[PDB]
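Read on for two forms of one protein chain; each stands alone as structure tokens, with the labels structure 1 and structure 2.
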Structure 1
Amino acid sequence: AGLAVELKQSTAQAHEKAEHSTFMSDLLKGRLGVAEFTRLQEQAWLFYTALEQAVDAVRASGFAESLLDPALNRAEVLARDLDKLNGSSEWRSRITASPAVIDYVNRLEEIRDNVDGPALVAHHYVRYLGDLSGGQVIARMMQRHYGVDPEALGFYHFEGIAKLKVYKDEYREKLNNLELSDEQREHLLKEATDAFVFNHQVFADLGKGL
């Protein structure tokens, strides 16, 4: 199968397990609240910041350029959401990475410094295609259960993308058309599994003490 299908199939079980995370399932079903949603978004800001440094380095090396669309960048959008959610900008210098986020950020920094294009594409798929594909569902559950205002849910909307269904189709085709040696393809597929694990661990840390 093409790369896009192999990525979907190889991470499908991990995706189901993510939906059934105690923390995330509690958040989505309305058992938590805006503050816990804000805690999630703070951790996400930390890992998206690192992810986007790795994207920038890999794009600058000339690898996967058409996939690495800067319109996908989420860190600054997330920061605007968090300014609203937290009521001030102080969180920027106060939040601390959980142990899982330290691990995730460390890997993204390794990918940046090694300019590991195939690994970066795996992380790009796991975060951005998931955001493009499922973000609207998550945002709607925060609005409905907790009354989060849409202005604090900008992370879940891609302003620079006019035709979302078309964009997702074109993204998958770019994955299919990415030239990869056998070794690079195996490295990318393993990395996608690892990226799901890191994301699952973020939820586990957020759930501590609940």
Structure 2
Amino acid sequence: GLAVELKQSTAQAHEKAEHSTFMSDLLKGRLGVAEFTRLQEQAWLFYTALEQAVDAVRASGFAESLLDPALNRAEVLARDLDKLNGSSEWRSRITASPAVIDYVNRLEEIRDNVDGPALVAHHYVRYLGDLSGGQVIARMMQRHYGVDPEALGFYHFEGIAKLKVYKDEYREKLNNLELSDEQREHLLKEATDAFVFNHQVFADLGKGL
């Protein structure tokens, strides 16, 4: 079904997205808490846009059960950034990198077109990715950079008690979405584009490191 097709269709762009120099250096302990903070600032920008798009598509009544508000990350990230930066200064300072501008532009287009299939593709890449692999990154930020666990709220889903079951039921929801061939093809293409945007985010973050 769709969950399997998504993995197959996106394999090349996904593989490339997981092999950025920025993330390699970050996870091996070669950077610092500052670079982790820059990553989270850029993520706050695109999660904010993503969640506006999710809100629009949810309100239209498309894929409602999938679009669980308990997954919302923007406010959690803001709280992490408050702690990481030590003040609210970051809200006035931070601005989107060129990749994030493109990523946000696309998410805003999806919002305005209330494009359900394309939104689901973005939801998969971010949230199922976060559910699947967030605890590895969190552990590495503590091990390498001494990040306070209270400043890693992004990597914990308070609303979710059974994580393994949740991920299974998430994939099953994907499998059970009613999609025409046009909608399915649109979604699959969008998923590759989403991995690409994310790769480019890392590329920008790694400049001058």
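Here, residue number means position along structure 1's sequence, counting from 1. For clarity, a rigid core is taken as the largest C-alpha set superposing within 1.5 Å between two forms. Residues that one form lacks are left out of the comparison.
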query	finding
Core-aligned C-alpha movement of residue 197 between the two structures, 2 Å or more	no
Flag for residue 22, CA shift 2 Å or larger between the two structures after aligning core	no
Following rigid core superposition, Cα shift of residue 13 between the two structures in Å	3.3
Value in Å for the CA shift of residue 92 between the two structures, taken after the core is superposed	1.1
Cα shift between the two structures at residue 176, which is computed once both forms share a superposed rigid core (Å)	0.2
After core alignment, residue runs (3 or more) whose Cα moves 2 Å or more between the two structures	9 to 19
